[PDB]
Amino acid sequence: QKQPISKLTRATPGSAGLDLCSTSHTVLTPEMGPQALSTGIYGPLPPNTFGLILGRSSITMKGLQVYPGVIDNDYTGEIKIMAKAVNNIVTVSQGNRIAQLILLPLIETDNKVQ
């Protein structure tokens, strides 16, 4: 914070996503329902793209669900991870990769703004 998305890194050159970590240690329980985890990373995104925030497989399998997040091209706020403990108590340590940011083309349409 405030760090732009150009600071994020990829696990490998073939990686679809840029890695995202929480900036805090947090405990999640099933009865808590959706929590927004802070990353300290901020939009905006490169021209003509939007972002999709998704979980990592290994973290999903440990029972932390990441709800899909959509980041608009011109969003300048903080990117947060919407997360929920599925079945059991989950502990998120500062610095553990929890989610990934995937960049996709923004297709132009004639739909009206309103």
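Note that residue numbering follows the sequence shown and begins at 1.
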As the entry reports it, the stretch among 6 to 14 and 100 to 108 with higher mean C-alpha B factor is 6 to 14
Of the residues 26, 76, 60, 29, the one whose Cα carries the largest B-factor in the deposited record is 26
The residue of 51, 43, 68, 33 with the maximal C-alpha B-factor according to the PDB record is 33
Here the Cα B-factor of residue 86, set against its chain, lands in the third termed highest
